[PDB]
Each structure stands twice: as C-alpha cells, then as structure tokens.
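What follows is one chain in structure tokens, specifically the form deposited without the partner chain.
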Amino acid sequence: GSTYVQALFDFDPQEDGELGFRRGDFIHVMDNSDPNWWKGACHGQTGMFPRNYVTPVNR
C-alpha cells in the first residue's frame, strides 16, 4: 500500500545500527512498531527512526 513519509527534520543516528537521514528523505515505513518510534528504511538501509521525525506524503 503506502508506508512512506517525508523526513520532517534531519535525523542523525543515535543508536548502534539505527537509521539516519535528512529532511525530505522519504523514510520507508516497513513496520510501525513503537508509538514515537518506528522501523523503516531509506539510505539503502533499514533501521529505527523517531516516528515524529517524519510525516506522511499523501493525504
């Protein structure tokens, strides 16, 4: 379906093996796990990223 967002702000990793992207970077919501945190991907790599650091693309 549609599990993409648009990096609200820049997210610099903070966890060992966590995701890292830059505003406008469409995160690929592979599986929303935590409330304020989810699992997705972007730079040819998956990982976890703050769910509030992104935003939906469609509406």
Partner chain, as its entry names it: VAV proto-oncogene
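Residue numbers count along the first chain shown, from 1.
Keep in mind that the form solved in complex with the partner chain is missing from the display, and what follows is about it.
> Contact with the partner chain in the deposited complex for residue 45, defined as at least one heavy atom pair within 4.5 Å: yes or no?
So residue 45 does not count as contacting the partner chain.
> Residue 3 near the partner chain in the deposited complex, any heavy atom under 4.5 Å?
Because no heavy atom of residue 3 falls inside 4.5 Å of the partner chain in the deposited complex, the answer is no.
> Tell me, yes or no, whether residue 20 is in contact with the partner chain in the deposited complex, where a contact means a heavy atom of each within 4.5 Å.
Heavy-atom contact with the partner chain at 4.5 Å: absent for residue 20.
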